[PDB]
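Enquirer: Here it is, the structure, as structure tokens.
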Amino acid sequence: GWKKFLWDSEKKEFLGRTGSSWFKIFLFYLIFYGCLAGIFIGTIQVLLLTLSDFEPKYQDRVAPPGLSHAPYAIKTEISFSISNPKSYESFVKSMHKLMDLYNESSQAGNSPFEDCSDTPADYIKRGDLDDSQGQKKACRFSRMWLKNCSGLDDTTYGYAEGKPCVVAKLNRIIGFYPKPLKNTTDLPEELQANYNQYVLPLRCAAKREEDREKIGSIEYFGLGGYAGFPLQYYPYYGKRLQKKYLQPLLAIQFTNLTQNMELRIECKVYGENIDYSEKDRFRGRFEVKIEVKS
Amino acid sequence: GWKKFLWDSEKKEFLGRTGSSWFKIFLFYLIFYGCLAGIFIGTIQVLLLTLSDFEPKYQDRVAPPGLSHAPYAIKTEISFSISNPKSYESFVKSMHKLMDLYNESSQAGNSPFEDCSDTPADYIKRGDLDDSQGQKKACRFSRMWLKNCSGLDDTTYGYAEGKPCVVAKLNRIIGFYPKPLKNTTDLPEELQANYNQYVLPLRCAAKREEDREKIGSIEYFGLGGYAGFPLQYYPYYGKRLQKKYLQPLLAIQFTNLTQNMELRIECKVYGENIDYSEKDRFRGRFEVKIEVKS
Amino acid sequence: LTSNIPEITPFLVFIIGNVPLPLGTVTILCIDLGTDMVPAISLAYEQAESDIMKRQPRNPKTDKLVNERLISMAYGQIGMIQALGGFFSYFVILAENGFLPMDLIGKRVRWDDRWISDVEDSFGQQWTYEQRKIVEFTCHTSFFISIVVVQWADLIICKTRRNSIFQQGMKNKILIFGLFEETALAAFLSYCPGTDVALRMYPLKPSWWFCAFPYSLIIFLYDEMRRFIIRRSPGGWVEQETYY
Amino acid sequence: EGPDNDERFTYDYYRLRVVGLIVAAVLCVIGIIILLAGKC
Amino acid sequence: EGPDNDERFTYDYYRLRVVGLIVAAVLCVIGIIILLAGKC
Amino acid sequence: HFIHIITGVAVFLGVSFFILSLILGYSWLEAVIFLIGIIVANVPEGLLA
Ligand SMILES: *[C@@H]1O[C@H](CO[C@@H]2O[C@@H](C)[C@@H](O)[C@@H](O)[C@@H]2O)[C@@H](O[C@@H]2O[C@H](CO)[C@@H](O[C@@H]3O[C@H](CO[C@H]4O[C@H](CO)[C@@H](O)[C@H](O)[C@@H]4O)[C@@H](O)[C@H](O[C@H]4O[C@H](CO)[C@@H](O)[C@H](O)[C@@H]4O)[C@@H]3O)[C@H](O)[C@H]2NC(C)=O)[C@H](O)[C@H]1NC(C)=O
Ligand SMILES: CCCCCCCC/C=C\CCCCCCCC(=O)OC[C@H](COP(=O)(O)OCC[N+](C)(C)C)OC(=O)CCCCCCC/C=C\CCCCCCCC
Ligand SMILES: CCCCCCCC/C=C\CCCCCCCC(=O)OC[C@H](COP(=O)(O)OCC[N+](C)(C)C)OC(=O)CCCCCCC/C=C\CCCCCCCC
Ligand SMILES: CCCCCCCC/C=C\CCCCCCCC(=O)OC[C@H](COP(=O)(O)OCC[N+](C)(C)C)OC(=O)CCCCCCC/C=C\CCCCCCCC
Ligand SMILES: CCCCCCCC/C=C\CCCCCCCC(=O)OC[C@H](COP(=O)(O)OCC[N+](C)(C)C)OC(=O)CCCCCCC/C=C\CCCCCCCC
Ligand SMILES: CCCCCCCC/C=C\CCCCCCCC(=O)OC[C@H](COP(=O)(O)OCC[N+](C)(C)C)OC(=O)CCCCCCC/C=C\CCCCCCCC
Ligand SMILES: CCCCCCCC/C=C\CCCCCCCC(=O)OC[C@H](COP(=O)(O)OCC[N+](C)(C)C)OC(=O)CCCCCCC/C=C\CCCCCCCC
Ligand SMILES: CCCCCCCC/C=C\CCCCCCCC(=O)OC[C@H](COP(=O)(O)OCC[N+](C)(C)C)OC(=O)CCCCCCC/C=C\CCCCCCCC
Ligand SMILES: CCCCCCCC/C=C\CCCCCCCC(=O)OC[C@H](COP(=O)(O)OCC[N+](C)(C)C)OC(=O)CCCCCCC/C=C\CCCCCCCC
Ligand SMILES: *[C@@H]1O[C@H](CO)[C@@H](O[C@@H]2O[C@H](CO)[C@@H](O)[C@H](O)[C@H]2NC(C)=O)[C@H](O)[C@H]1NC(C)=O
Ligand SMILES: *[C@@H]1O[C@H](CO)[C@@H](O[C@@H]2O[C@H](CO)[C@@H](O)[C@H](O)[C@H]2NC(C)=O)[C@H](O)[C@H]1NC(C)=O
Ligand SMILES: CC(C)CCC[C@@H](C)[C@H]1CC[C@H]2[C@@H]3CC=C4C[C@@H](O)CC[C@]4(C)[C@H]3CC[C@]12C
Ligand SMILES: CC(C)CCC[C@@H](C)[C@H]1CC[C@H]2[C@@H]3CC=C4C[C@@H](O)CC[C@]4(C)[C@H]3CC[C@]12C
Ligand code: NA
């Protein structure tokens, strides 16, 4: 048994078959698997021919847009000590990674960054989604616009003395036009003042009624000094048609933050084609847990 | 026009295209036609796998059987002069071609020719239509059985002195059992005498009522002296299972034939699974025009 | 212009390869003036694909009505497949009755003779003259039916020159009626009593009618992928080589 | 398969023609239906 | 295609679910029919 | 123009199967009859109507 089924010397068999059998079977599986591979490849090439290069066929799974943030906090918590410097390093490295893409050196020349209104403005249509007029042009977004959170003056961005910043960003969607709420009698309390039609408002608050008092002065920095996103940076034409495109950003400084206590801060954007979801806690709004323990 | 569309020297074109175009088109048609050929071949191989080697799937177009004859007469007319020898050569060459297959030298040994009853007998079943018992065995048919038309005594077979012979033959069909008419009160006039159940009768006559008198003595030669086919040579197992198989034959001498006049002679076989057709003049019966002009 | 190929190739094989005659004269005439007319007269009712009032006026010296790009399709690619399907059904009919493909090459001289009442087939049987002729005529009938089957996919791939079928749509009621009538006429010409007497078309067994289906599907898939690279790739090889 | 194997050489072309005609007829009708469906 | 191109981000999943259920139901019925056809 | 095109391939296929029928053996009566058959066979009866 043990020895024979391994090698017998009368029938010159190994493991059970002879030399010619292993060859017939190996050749059969090589041809079979080769045909399988060729068929799968052909059915994938017809797929490359079906879709378009400038536009995803289905855009229903990404609407309305989300709201992401830097830094990169795990479990949506930003906890760091004001004394130990090796506590907020993982945060600064991220913040820096995000802002490092808005360097002025990158935005230079006429293309593909054209100078746009220093004050919020309306939409700008650079034609259709075609290759006729080549690479489109995107508006320039300067770092300095963000006042106290730019890494140009205080590299740390605030984490050094108990005053952190949070750079909020709206998820890029192809052909998405942001629509802000109108001046009619129905509008949230907050939004009434400084209604600039051309700005999509972003406003943070406290999740619970108690935490209100423990949260200090939320100071928003942005284009034109408003707490929102200028409509002029839309719509987005996609990577293929608009490489070297920069999306607006909004800085938020949480000055006067109570020490040694977990604070739940919920930020929320407002607008017509903006809708929240009780399941996705990043659709339109976002939550952050801040605790400057020192 | 005439000259340019043939060869211009600025674009280096011949007949209209350049060197690389003829290659792109030739390569495309080579690949296209190659795929076409491979597909047709595959669909023909599956067909070789569908059918059986020992039996045609459909046997409805050949039933009942026909009745062919030697010689090979064109328009069913046998006209020859008793003086000019170069008149009946085309006939003798055929008659000889047919009888040349019953030479005793060919039929020798135990296989695959076994000795069968010298007198008509019943059917013989050599098993089914399989390859289990190898090549089947067929009964021997001697030349000499045909008395005055054998080419062994009078090579010409009769055409030399105004007395011709006609070797009739039943079309070979796989698995076909000949069934003669029974002795009941309903039977043609002719068939009554010499009812040998084991013999399929063949009887010739005149197409028109007038010609009767002008036709002499129809002398049939066959197995056992009867004017028919012995049932023992059936059934036929097909070429693949019965190579070297000989079908019975019946000789007919038209003695006492009126000179210098066209005679229409119709020969007919009788039997249960035998049916004639008003469209096919060779199904079961046959017509011959004889005119021994001298 | 596509059905001319599966109509001339059989005689070319009759004279060259020396096989019995695949397609008859009374079948070519029934196709050219029967089946083909209604589906082709219905093609006229087809709607536009793009805005015709946008393109510039056609050029008289360069853009023609019938160019070589059409001949390359009808005479070169689709008609060829139609010929393969017809010959396939042919060989099937002759193989099921006893005449295998190896024994058909070189038989015409004896297959036609009116006085040879003993023609041996691949199995050893002896066929009279009228008996083998009946089979040849049944082969003409199935060849004609194979032509109709391939014309289905040809009428569908001819409906749109560039666009896809899943885009334009089968909103043309005349074309649908053409397909239905085209099939009813073939069945009528084969199954009606006294047709094998008047026109020489014998009934078919139900398993034969399915010998042309794969070729038709293939024609449909080939033209579908053809009308795809033209859309995604404007100005390429497929365009200057196959766009009518 | 024995002398009385006569069925091995028969085919019911009659029934086949009957069915083939019923089918041709149905297809013809359906065609007419589609053609006139809309003008009523 | 203009600001009011809102349709480009909507899909009628409701109607799709309704039809998919009608179809599932029909298939289930047909199955039962085939299963009990013969025991009556 | 369409008629021109059609008649071109019909006479091309006929001259080619004539030279072919001479390389294989057929007599001149058959080669000539074959030529006439191929040309007429390449004519579409209903495209004009
Ligand atoms: C089947 O059997 C056939 C007959 O067999 C003969 O008879 C049987 C019973 C046995 O005795 C057997 O041994 C006999 O041979 C057989 O065909 C025969 O084949 C031989 C050999 O070729 C032929 O002999 C030659 O004959 C010619 C002249 O033939 C005249 O008559 C015939 C009709 O019989 C006409 O068709 C011809 O046109 C002629 O009018 C001679 O010229 C020839 O000469 C050759 O031989 C001599 C020596 O004898 C030499 O000096 C010469 O140089 C030549 O080489 C032969 O003598 C014989 O004619 C022929 N019979 C018939 C009826 O055709 C046949 O082949 C067998 N087939 C098979 C498959 O077994
Ligand atoms: C048993 C076997 C079965 C056999 C079955 C055979 C079936 C026959 C199938 C098809 C017949 C093909 C015959 C040729 C058809 C050519 C079409 C043609 O003539 O249409 C006319 C076009 C005109 O077009 P237009 O009006 O747009 O021009 C506008 C010009 N403006 C605007 C610049 C002035 O003229 C042109 O195209 C220019 C003419 C080009 C002629 C090319 C000839 C190629 C023929 C054979 C090649 C064989 C080589 C094989 C070896 C290959 C290497 C391995
Ligand atoms: C193995 C066998 C091989 C056989 C090979 C040969 C096959 C050839 C025969 C049939 C091929 C069928 C191909 C099916 C294609 C379906 C395409 C389709 O469904 O595309 C959907 C279209 C598009 O709609 P839209 O979005 O533009 O509408 C807009 C409406 N607005 C304007 C109001 C918004 O919808 C429409 O066209 C409208 C609805 C039309 C419904 C058509 C149904 C009939 C289909 C086939 C008929 C059967 C022929 C049988 C022949 C045999 C005879 C015996
Ligand atoms: C959408 C627009 C459509 C426009 C198309 C126009 C529609 C055309 C409508 C009708 C025209 C069809 C005329 C068919 C004539 C057949 C004549 C026939 O069968 O006569 C039978 C003869 C009898 O001969 P016998 O007396 O010697 O027999 C003696 C037999 N014994 C002695 C054994 C008893 O046999 C022979 O001649 C044997 C030779 C057979 C010759 C067949 C010729 C048929 C030619 C073309 C057919 C195309 C029509 C297809 C239908 C289309 C419907 C829309
Ligand atoms: C979108 C376009 C819609 C177009 C619809 C067109 C309507 C079609 C109309 C009718 C077709 C049904 C024909 C049924 C006829 C059966 C009659 C019968 O009794 O016939 C028996 C033969 C067996 O003959 P034998 O030689 O064995 O015996 C011969 C024995 N003797 C001769 C001795 C008697 O059998 C036969 O003829 C087999 C008959 C053929 C079988 C039908 C195959 C259907 C193919 C594809 C359809 C698949 C649909 C899938 C659904 C998808 C839903 C989403
Ligand atoms: C029973 C009947 C069975 C029939 C089955 C037929 C299957 C055979 C189908 C296709 C085989 C042919 C492939 C030929 C490939 C070599 C051709 C070649 O050398 O091409 C070179 C060009 C690249 O040059 P360029 O354009 O960059 O230069 C620009 C130069 N200037 C300016 C001239 C445009 O190639 C290109 O463009 C890419 C174009 C490649 C052609 C794609 C055609 C695909 C058609 C059918 C495939 C689908 C089969 C479905 C069958 C289903 C079976 C159940
Ligand atoms: C708006 C709504 C519109 C609705 C319109 C509906 C129209 C009506 C629909 C269907 C009608 C179905 C009629 C079915 C006819 C069955 C006839 C039949 O089963 O006959 C079989 C027997 C022949 O058998 P055998 O023994 O000779 O076989 C040969 C035996 N062997 C060769 C072995 C000796 O017949 C005989 O004897 C006598 C035959 C007498 C002649 C019968 C004529 C039938 C021919 C055509 C009518 C069908 C047209 C349908 C529409 C087509 C449109 C293009
Ligand atoms: C022998 C075995 C028999 C088995 C029979 C099983 C019975 C089958 C039962 C039902 C099948 C029919 C289903 C029809 C449902 C149509 C409903 C419809 O309105 O659907 C529309 C969709 C187009 O959706 P969309 O995304 O464009 O628009 C989305 C637009 N929003 C989302 C904004 C609203 O279209 C669709 O779902 C397309 C639906 C699929 C098309 C059917 C294809 C049939 C395939 C093969 C059958 C061929 C038979 C040939 C006959 C041979 C006879 C011998
Ligand atoms: C012997 C003979 C036997 C014969 C037996 C025949 C049995 C009966 C046959 C068919 C019954 C068909 C019933 C059709 C039901 C339609 C229900 C429907 O259309 O509901 C749709 C709406 C939900 O839409 P939404 O706005 O949330 O969409 C999401 C929108 N977004 C996500 C974008 C926000 O429903 C709602 O709201 C309320 C839904 C309430 C729950 C309905 C339960 C339906 C589920 C299963 C029943 C089907 C079983 C059929 C047999 C299967 C056997 C395995
Ligand atoms: C920041 O928060 C501090 C409390 O942490 C506020 O200052 C307090 O003001 C109260 C009077 O309302 C005094 O009794 C406390 O002594 C103050 N504490 C400190 C540390 O100054 C202060 O007003 C807040 N400032 C802003 C801008 O929100
Ligand atoms: C063969 O036919 C001949 C006639 O050609 C028959 O002989 C004739 O018989 C009659 C009497 O009935 C005589 O008047 C003639 O003179 C005879 N003619 C000849 C040439 O002999 C003869 O009886 C027939 N023989 C057979 C066996 O049928
Ligand atoms: C029936 C079976 C055996 C046919 C299998 C055909 C195989 C060999 C064919 C089918 C589709 C083909 C591919 C189709 C498209 C491309 C893209 C091109 O830029 C490189 C070649 C490549 C990747 C082809 C390679 C060959 C391929 C994979
Ligand atoms: C999709 C396309 C390109 C596939 C074409 C496959 C071709 C190459 C395949 C299909 C069927 C195959 C044939 C199937 C059976 C036999 C019989 C054998 O004794 C010799 C090889 C031979 C003759 C094969 C040769 C290769 C063949 C013709
Ligand atoms: Na034509």
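By convention in this document, the chains of the structure tokens carry letters A, B, ... by their order, each chain's residues are numbered from 1, and ligands are numbered from 1 in the order they are shown.
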List all protein, DNA and RNA residues that have any atom at most 6 Å from ligand 9, counting only C-alpha atoms and all ligand atoms, and write the list as a list in words.
Expert: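 Using only C-alpha atoms and all ligand atoms, everything at most 6 Å from ligand 9 comes to residues 13, 14, 17, 18, 21, 22, 24, 25, 28 and 29 of chain E.
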Enquirer: Could you dump the residues just selected with N, CA and C atoms as a PDB file, in the first residue's frame?
Expert:
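Written file, part-v2.pdb:
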ATOM      1  N   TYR E  13     -36.317  53.089  -8.339  1.00  0.00           N
ATOM      2  CA  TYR E  13     -36.189  51.753  -7.763  1.00  0.00           C
ATOM      3  C   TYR E  13     -37.541  51.204  -7.333  1.00  0.00           C
ATOM      4  N   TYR E  14     -38.482  52.082  -6.981  1.00  0.00           N
ATOM      5  CA  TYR E  14     -39.805  51.634  -6.558  1.00  0.00           C
ATOM      6  C   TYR E  14     -40.483  50.807  -7.644  1.00  0.00           C
ATOM      7  N   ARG E  17     -38.842  47.444  -8.161  1.00  0.00           N
ATOM      8  CA  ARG E  17     -39.179  46.439  -7.160  1.00  0.00           C
ATOM      9  C   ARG E  17     -40.586  45.902  -7.383  1.00  0.00           C
ATOM     10  N   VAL E  18     -41.529  46.785  -7.723  1.00  0.00           N
ATOM     11  CA  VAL E  18     -42.898  46.332  -7.968  1.00  0.00           C
ATOM     12  C   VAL E  18     -42.918  45.286  -9.079  1.00  0.00           C
ATOM     13  N   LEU E  21     -41.298  41.946  -8.225  1.00  0.00           N
ATOM     14  CA  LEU E  21     -42.120  41.106  -7.364  1.00  0.00           C
ATOM     15  C   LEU E  21     -43.255  40.470  -8.153  1.00  0.00           C
ATOM     16  N   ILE E  22     -43.887  41.231  -9.060  1.00  0.00           N
ATOM     17  CA  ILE E  22     -44.951  40.644  -9.877  1.00  0.00           C
ATOM     18  C   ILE E  22     -44.412  39.421 -10.614  1.00  0.00           C
ATOM     19  N   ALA E  24     -41.648  37.557  -9.894  1.00  0.00           N
ATOM     20  CA  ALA E  24     -41.311  36.454  -8.995  1.00  0.00           C
ATOM     21  C   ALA E  24     -42.562  35.665  -8.653  1.00  0.00           C
ATOM     22  N   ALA E  25     -43.635  36.389  -8.354  1.00  0.00           N
ATOM     23  CA  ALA E  25     -44.910  35.779  -8.021  1.00  0.00           C
ATOM     24  C   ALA E  25     -45.429  34.894  -9.146  1.00  0.00           C
ATOM     25  N   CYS E  28     -43.529  31.726  -9.393  1.00  0.00           N
ATOM     26  CA  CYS E  28     -43.896  30.826  -8.301  1.00  0.00           C
ATOM     27  C   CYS E  28     -45.197  30.092  -8.606  1.00  0.00           C
ATOM     28  N   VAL E  29     -46.189  30.826  -9.114  1.00  0.00           N
ATOM     29  CA  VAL E  29     -47.479  30.227  -9.449  1.00  0.00           C
ATOM     30  C   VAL E  29     -47.297  29.123 -10.471  1.00  0.00           C
TER      31      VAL E  29
END
Enquirer: So which residues are near ligand 5, meaning at most 6 Å away with only C-alpha atoms and all ligand atoms counted, given back as a PyMOL selection string?
Expert: (chain C and resi 206) or (chain D and resi 11-12+16)
Enquirer: Take the selection from the previous step and output its residues with N, CA, C and O atoms, as a tab-separated table (two decimals), in the first residue's frame.
Expert:
chain	number	residue	atom	x	y	z
C	206	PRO	N	-38.70	17.79	-38.99
C	206	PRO	CA	-38.50	18.87	-38.01
C	206	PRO	C	-37.09	19.07	-37.48
C	206	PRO	O	-36.79	20.18	-37.01
D	11	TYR	N	-42.77	6.42	-42.54
D	11	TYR	CA	-42.74	7.74	-41.93
D	11	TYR	C	-44.10	8.38	-42.16
D	11	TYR	O	-44.65	8.31	-43.26
D	12	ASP	N	-44.65	9.00	-41.11
D	12	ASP	CA	-45.97	9.63	-41.19
D	12	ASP	C	-45.85	11.06	-41.72
D	12	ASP	O	-45.97	12.05	-40.99
D	16	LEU	N	-47.14	15.16	-40.39
D	16	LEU	CA	-46.16	16.23	-40.44
D	16	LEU	C	-46.66	17.39	-41.27
D	16	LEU	O	-46.53	18.55	-40.88
Enquirer: Using only C-alpha atoms and all ligand atoms, find each protein or nucleic acid residue lying at most 6 Å from ligand 14; present the set as a VMD selection string.
Expert: (chain C and resid 1 3 to 4) or (chain F and resid 44)
Enquirer: Please identify the strand (DSSP E) residues within region 12-140 of chain A (assignment by DSSP from backbone atoms) and present them as a ChimeraX atom specification.
Expert: /A:13-14,67-70,77-80,113-114,138-139
Enquirer: Kindly save the residues from that selection, with C-alpha atoms included, as a PDB file, in the first residue's frame.
Expert:
ATOM      1  CA  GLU A  13       3.897   3.753 -12.491  1.00  0.00           C
ATOM      2  CA  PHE A  14       4.281   6.807 -10.245  1.00  0.00           C
ATOM      3  CA  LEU A  67     -18.500  65.796   3.787  1.00  0.00           C
ATOM      4  CA  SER A  68     -14.997  64.607   4.636  1.00  0.00           C
ATOM      5  CA  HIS A  69     -12.353  66.144   6.819  1.00  0.00           C
ATOM      6  CA  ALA A  70      -8.700  66.425   7.639  1.00  0.00           C
ATOM      7  CA  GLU A  77     -12.064  61.487  17.734  1.00  0.00           C
ATOM      8  CA  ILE A  78      -9.312  64.115  17.976  1.00  0.00           C
ATOM      9  CA  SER A  79      -7.589  63.687  21.361  1.00  0.00           C
ATOM     10  CA  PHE A  80      -4.156  65.149  22.090  1.00  0.00           C
ATOM     11  CA  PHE A 113      -5.442  77.477 -13.475  1.00  0.00           C
ATOM     12  CA  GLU A 114      -7.178  80.727 -14.427  1.00  0.00           C
ATOM     13  CA  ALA A 138     -10.042  75.152 -13.201  1.00  0.00           C
ATOM     14  CA  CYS A 139     -10.113  78.091 -10.791  1.00  0.00           C
TER      15      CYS A 139
END
Enquirer: Would you give me, as a compact mmCIF listing (two decimals) with N, CA and C atoms, in the first residue's frame, the residues of chain B that come within 6 Å of chain C, using only C-alpha atoms?
Expert:
# COMPACT_ATOMS: atom_id res chain seq x y z
N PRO B 56 -27.86 3.32 -41.84
CA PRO B 56 -28.35 4.66 -42.18
C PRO B 56 -29.54 5.02 -41.30
N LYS B 57 -29.50 6.23 -40.75
CA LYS B 57 -30.56 6.67 -39.84
C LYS B 57 -31.94 6.67 -40.49
N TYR B 58 -32.03 7.05 -41.76
CA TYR B 58 -33.31 7.10 -42.46
C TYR B 58 -33.31 6.15 -43.64
N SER B 68 -32.90 -3.23 -61.36
CA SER B 68 -32.00 -2.78 -62.41
C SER B 68 -31.58 -3.94 -63.30
N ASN B 171 -32.42 -4.42 -56.19
CA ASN B 171 -31.61 -3.44 -55.48
C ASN B 171 -31.37 -3.82 -54.02
N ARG B 172 -30.10 -3.85 -53.63
CA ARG B 172 -29.67 -4.20 -52.28
C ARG B 172 -30.12 -3.18 -51.24
N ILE B 173 -30.85 -3.64 -50.23
CA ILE B 173 -31.32 -2.79 -49.14
C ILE B 173 -30.96 -3.45 -47.82
N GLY B 238 -25.28 -4.77 -45.17
CA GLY B 238 -24.49 -3.57 -45.38
C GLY B 238 -23.04 -3.87 -45.69
N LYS B 239 -22.41 -2.93 -46.39
CA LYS B 239 -21.01 -3.08 -46.80
C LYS B 239 -20.08 -3.29 -45.60
Enquirer: With only C-alpha atoms and all ligand atoms as the basis for distance, which of C:209, C:42, C:54, C:68 is at the shortest distance from ligand 2?
Expert: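 Of C:209, C:42, C:54, C:68, the one nearest ligand 2 is C:68, counting only C-alpha atoms and all ligand atoms.
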Enquirer: Using only C-alpha atoms and all ligand atoms, what are the residues with an atom within 12 Å of ligand 12, set out as number ranges by chain?
Expert: A: 31-49; B: 31, 35, 38-39, 42; C: 225, 229
Enquirer: Any idea what's packed within 8 Å of region 5-12 of chain F, counting only C-alpha atoms, ignoring anything in its chain fewer than 5 positions away? Could you give it as a PyMOL selection string?
Expert: chain F and resi 38-40+42-43
Enquirer: Take the residues from that selection and put them in a file with C-alpha atoms, as a compact mmCIF listing (two decimals), in the first residue's frame.
Expert:
# COMPACT_ATOMS: atom_id res chain seq x y z
CA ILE F 38 -22.46 32.88 -64.02
CA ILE F 39 -23.03 36.32 -65.50
CA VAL F 40 -26.81 35.99 -65.68
CA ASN F 42 -25.31 37.70 -60.79
CA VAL F 43 -28.37 39.85 -61.74
Enquirer: Kindly compile the residues surrounding ligand 1 within 7 Å, counting only C-alpha atoms and all ligand atoms, and format them as number ranges by chain.
Expert: B: 96, 100-101, 103, 105-106, 151-152, 155
Enquirer: With only C-alpha atoms as the counted atoms, please give the residues lying no more than 12 Å from residue 164 (chain C), apart from itself and same-chain residues fewer than 6 positions off, as a list in words.
Expert: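 The residues that qualify are residues 50 of chain A; 49, 156, 157, 158, 170, 220, 221, 223, 224, 225, 226, 227, 228, 229, 230 and 231 of chain C.
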Enquirer: Keeping only N, CA, C and O atoms, write the selected residues to a file as a short mmCIF file (atom, residue, chain, number, x, y, z; two decimals), in the first residue's frame.
Expert:
data_model
loop_
_atom_site.label_atom_id
_atom_site.label_comp_id
_atom_site.auth_asym_id
_atom_site.auth_seq_id
_atom_site.Cartn_x
_atom_site.Cartn_y
_atom_site.Cartn_z
N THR A 50 -17.94 49.15 -24.21
CA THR A 50 -19.28 49.65 -23.86
C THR A 50 -19.27 51.03 -23.17
O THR A 50 -20.05 51.92 -23.54
N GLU C 49 -31.28 58.19 -37.36
CA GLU C 49 -30.39 57.80 -36.27
C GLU C 49 -29.85 59.01 -35.53
O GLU C 49 -29.82 59.03 -34.30
N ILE C 156 -32.07 42.35 -39.55
CA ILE C 156 -31.86 43.02 -38.28
C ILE C 156 -30.54 43.79 -38.26
O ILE C 156 -30.46 44.90 -37.73
N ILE C 157 -29.48 43.24 -38.87
CA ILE C 157 -28.22 43.98 -38.89
C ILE C 157 -28.25 45.08 -39.94
O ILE C 157 -27.43 46.01 -39.88
N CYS C 158 -29.17 45.01 -40.90
CA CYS C 158 -29.32 46.04 -41.91
C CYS C 158 -30.28 47.14 -41.47
O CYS C 158 -30.31 48.20 -42.08
N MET C 170 -37.20 48.13 -32.16
CA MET C 170 -38.01 47.41 -33.14
C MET C 170 -39.43 47.98 -33.15
O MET C 170 -40.42 47.29 -32.91
N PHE C 220 -25.56 37.98 -36.31
CA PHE C 220 -26.04 39.04 -35.44
C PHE C 220 -24.95 39.55 -34.50
O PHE C 220 -24.77 40.76 -34.35
N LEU C 221 -24.20 38.63 -33.88
CA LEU C 221 -23.14 39.04 -32.95
C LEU C 221 -22.00 39.76 -33.67
O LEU C 221 -21.47 40.76 -33.16
N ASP C 223 -22.08 41.50 -36.58
CA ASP C 223 -22.46 42.86 -36.94
C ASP C 223 -22.67 43.74 -35.72
O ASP C 223 -22.41 44.95 -35.78
N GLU C 224 -23.11 43.17 -34.59
CA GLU C 224 -23.29 43.99 -33.40
C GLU C 224 -21.95 44.52 -32.91
O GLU C 224 -21.84 45.71 -32.58
N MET C 225 -20.92 43.67 -32.86
CA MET C 225 -19.62 44.18 -32.44
C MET C 225 -19.03 45.10 -33.50
O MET C 225 -18.23 45.99 -33.19
N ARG C 226 -19.43 44.92 -34.76
CA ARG C 226 -18.96 45.79 -35.83
C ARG C 226 -19.46 47.22 -35.60
O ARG C 226 -18.67 48.18 -35.61
N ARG C 227 -20.76 47.37 -35.38
CA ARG C 227 -21.45 48.65 -35.14
C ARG C 227 -21.15 49.24 -33.78
O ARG C 227 -21.86 50.15 -33.34
N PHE C 228 -20.12 48.73 -33.10
CA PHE C 228 -19.70 49.17 -31.78
C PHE C 228 -18.38 49.90 -31.80
O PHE C 228 -18.25 50.98 -31.19
N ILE C 229 -17.39 49.36 -32.52
CA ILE C 229 -16.10 50.01 -32.64
C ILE C 229 -16.25 51.28 -33.46
O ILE C 229 -15.51 52.25 -33.26
N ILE C 230 -17.21 51.30 -34.39
CA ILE C 230 -17.46 52.50 -35.18
C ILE C 230 -17.91 53.64 -34.28
O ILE C 230 -17.49 54.80 -34.45
N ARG C 231 -18.76 53.33 -33.30
CA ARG C 231 -19.23 54.35 -32.38
C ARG C 231 -18.12 54.82 -31.46
O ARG C 231 -17.84 56.02 -31.35
#
Enquirer: Name the closest residue to ligand 6 among the candidates C:75, C:213, C:177, C:137; distances are taken between atoms, counting only C-alpha atoms and all ligand atoms.
Expert: C:213
Enquirer: Grab me every residue within 6 Å of ligand 3, counting only C-alpha atoms and all ligand atoms, and send it over as a ChimeraX atom specification.
Expert: /C:152-153,165-171,179-180,183,213-214,216-217
